[PDB]
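Listed below, chain by chain, are the residues.
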Amino acid sequence: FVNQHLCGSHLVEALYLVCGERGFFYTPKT
Amino acid sequence: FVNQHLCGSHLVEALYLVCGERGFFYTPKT
Amino acid sequence: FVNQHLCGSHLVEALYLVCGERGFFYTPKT
Amino acid sequence: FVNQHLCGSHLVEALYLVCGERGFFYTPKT
Amino acid sequence: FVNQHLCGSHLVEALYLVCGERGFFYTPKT
Amino acid sequence: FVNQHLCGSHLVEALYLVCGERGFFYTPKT
Amino acid sequence: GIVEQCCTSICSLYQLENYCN
Amino acid sequence: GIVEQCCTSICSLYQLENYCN
Amino acid sequence: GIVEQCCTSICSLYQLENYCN
Amino acid sequence: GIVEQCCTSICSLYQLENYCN
Amino acid sequence: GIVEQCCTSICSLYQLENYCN
Amino acid sequence: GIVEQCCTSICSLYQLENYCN
């Protein structure tokens, strides 16, 4: 089941994959 | 062999793992 | 929690790991 | 360094991520 | 949803990442 | 390119996948 | 904002662009 | 067929062979 | 064909579509 | 012991040290 | 700056803190 | 012993059993 501490580690993979060479800011703390 | 396009996807995992709840900015474009 | 869109990404890893050099068809759309 | 036996496990993740709900055939044996 | 058979595969990544060069024993069978 | 610090994180996945419910000792320090 | 939004059932390709730099 | 079958609690090694080429 | 083509330095988004179903 | 303890909601950095060699 | 620095042979735990928010 | 042996080009299924508990 894990939690965001491990789920976000994979959301970023698709994030910069969609951005390509661009970058992004990841903040797991709403 | 892949490239940064796939290597960075895993550098971020340890990045926010060290930051814990904090966040970080990932820009694969020096 | 994510969904099949991310769960299948890891089911394939063990799939071709069991097939070895063989290949397989992955269709996430029953 | 690993080899295709581990590199392909991650190429598929982006493959069906681009296909979305569609599927694809992965054969690591040219 | 998967199960420990796939969840533990990622718990080990952070395990030896915290141990650094040290090692650890992983037994998914309480 | 990364190094063993990241390569071993994925060797363990197939390790306990082959062991099934059994366990194993991973020591990245020959 | 983004984690709880995409970690629930994956976001759309465009939704991820909103967090692009 | 295969995703909902293995993404629930992992399939057996032989069950994965059925989807092998 | 696809592995040696994308496992070298990643393929483009369209190149992956050629292997889509 | 360790899986059911960290696979539920991640363990703390020190808790992982207990399983270090 | 950070990718070419850690994607070569992994960075140290403190080096990653420099990129923390 | 095991890392430098399998992290070079993957080990065989039986070779991994030697490190099983």
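Residues numbered from 1 in each chain as written, not as in the entry; some residues may be left out. Chains lettered and ligands numbered in written order. Heavy atoms only, no water.

The deposited coordinates for this entry were obtained by solution NMR.

**Concerning the overall build of chain A**
Broken down by element type, chain A carries one helix and one strand. Across its three principal axes, chain A shows a C-alpha extent of roughly 30 × 20 × 10 Å. Of all 30 residues assigned to chain A, the portion counted as buried reaches 60%. (Helix = DSSP H or I, 4+ residues; strand = E, 2+ residues; numbered from the N terminus. Buried < 20%, exposed > 50% of the residue type's maximum accessible area, 1.4 Å probe, protein only.)

**A closer look at the state of the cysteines**
Applying the stated criterion across every chain yields a total of 18 disulfides over all chains. Here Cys7(E) pairs with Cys7(J) through a disulfide, and the sulfurs are 2.0 Å apart. Negative torsions about the S-S bond denote left-handed disulfides, and the value of about 130° found for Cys7(E) with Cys7(J) makes this one right-handed. In this pair, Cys7(E) is assigned in helix α1 (residues 4–19) and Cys7(J) in the loop between α1 (3–6) and α2 (13–17), connecting two distinct chains. For the pair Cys7(E) and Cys7(J), one class covers both residues: buried. (Disulfide = S-S within 2.5 Å.)

**Here's the deal with unusual backbone geometry**
Despite not being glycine, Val2(C) has its phi angle at roughly 45°, a positive value. Phi angles above zero are rare outside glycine, and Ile10(I) is one such case at about 65°. Along the chain, the position of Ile10(I) falls in the loop between α1 (3–6) and α2 (13–17). Residue classification places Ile10(I) among the partly exposed positions, given a relative accessible area of 22%.

**Considerations on the interface of chain J and chain E**
Each partner contributes to the interface: chain J provides 12 residues, whereas chain E provides 15 residues. Roughly 1200 Å² of surface becomes buried between chain J and chain E when both sides are summed, with 73% attributable to carbon and sulfur atoms. It is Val3(J), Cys20(J) and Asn21(J) in chain J that bury the most area against chain E; as a group they hold 40% of the surface buried on that side. Taking the shortest distance from any N to any O, the salt bridge between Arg22(E) and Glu17(J) comes out at 3.6 Å. Of the residues that constitute the side of chain J that touches chain E, the class distribution is eight nonpolar, two polar and two charged. (Contact = heavy atoms within 4.5 Å. Buried area = accessible area lost by both parts, 1.4 Å probe. Salt bridge = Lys/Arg side-chain N within 4 Å of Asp/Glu carboxyl O. Nonpolar A, V, L, I, M, F, W, Y, C, P; charged D, E, K, R; others polar.)

**Section: the interface of chain A and chain B**
Frequently, the measure chosen for interface size is the accessible area removed from exposure when the parts meet. The interface of chain A with chain B comprises 21 residues on the first partner and 21 residues on the second. Here chain A meets chain B over a buried area of about 1600 Å², counting both sides, of which 60% is carbon and sulfur. In this assembly, chain A and chain B are joined by zero salt bridges. Scanning the region where chain A abuts chain B turns up 14 residue pairs in polar contact. Put simply, the parts of the chain that give the side of chain A that touches chain B at least two residues each are α1 (4–19) and β1 (24–26) of chain A. (Polar contact = N/O pair within 3.5 Å; in protein donor to acceptor, adjacent residues only side chain to side chain.)

**Looking at the relation of the copies chain A and chain B**
Superposition record for chain A on chain B: RMSD 0.0 Å, screw rotation 180°, translation along axis 0.0 Å. What we have between these two chains is a two-fold relation. Taking C-alpha positions as the reference, the residue of chain A nearest the rotation axis is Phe25(A), at 2.0 Å. Most of the interface of chain A is mirrored in chain B, where 100% of its interface residues again form contacts. (Least-squares fit on C-alpha atoms.)

**A short note on the environment of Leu6(B)**
Residue and element names in this part refer to chain B. Checked against the element boundaries, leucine 6 lands in helix α1 (residues 4–19). Assessed through its relative accessible area of 14%, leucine 6 is described here as buried. Distance from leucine 6 to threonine 30, taken between C-alpha atoms, is 16 Å for residues 24 residues apart in sequence.

**Let's talk about the packing of aromatic side chains**
Within this structure, the stated rule accounts for 12 aromatic pairs over all chains. Measuring from ring centre to ring centre gives 6.0 Å for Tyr16(C) and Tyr26(D), while their planes differ by 80°; the resulting arrangement is edge-to-face. Of this pair, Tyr16(C) sits in helix α1 (residues 4–19) while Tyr26(D) sits in strand β1 (residues 24–26), each in a different chain. Residue classification places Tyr26(D) among the buried positions, given a relative accessible area of 1%. (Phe/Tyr/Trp six-rings, centres within 6.5 Å; stacked < 30°, edge-to-face > 60°.)

**Quick word on the packing of α1(A) against α1(B)**
The contact between α1(A) and α1(B) brings their axes to 9 Å, and the two run at 150°. In terms of orientation, α1(A) lies roughly antiparallel with respect to α1(B). When the axes of α1(A) and α1(B) are compared, the crossing they make is right-handed. Of the residues in α1(B), those touching α1(A) at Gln4(A), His5(A), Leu6(A), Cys7(A), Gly8(A), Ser9(A), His10(A), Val12(A), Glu13(A), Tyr16(A) and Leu17(A) are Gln4(B), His5(B), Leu6(B), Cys7(B), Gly8(B), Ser9(B), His10(B), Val12(B), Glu13(B), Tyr16(B) and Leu17(B). A per-class count over the contact of α1(A) with α1(B) returns 10 nonpolar, 10 polar and two charged. (Axes fitted to C-alpha atoms, helices over the stretch in contact; angles between N-to-C directions. Parallel < 35°, antiparallel > 145°, perpendicular 65-115°, else oblique. Left-handed = near helix turned anticlockwise from the far one by under 90°.)

**Side note on α1(A)**
Residue and element names in this part refer to chain A. The end-to-end C-alpha separation of α1 is 21 Å, in line with the 22 Å expected for 16 residues at 1.5 Å each. Most of α1 is tucked away, with 13 of its 16 residues classed as buried. Phi turns positive one or two residues past the end of α1, at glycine 20, with a value near 75°. (Expected span 1.5 Å × (residues − 1).)

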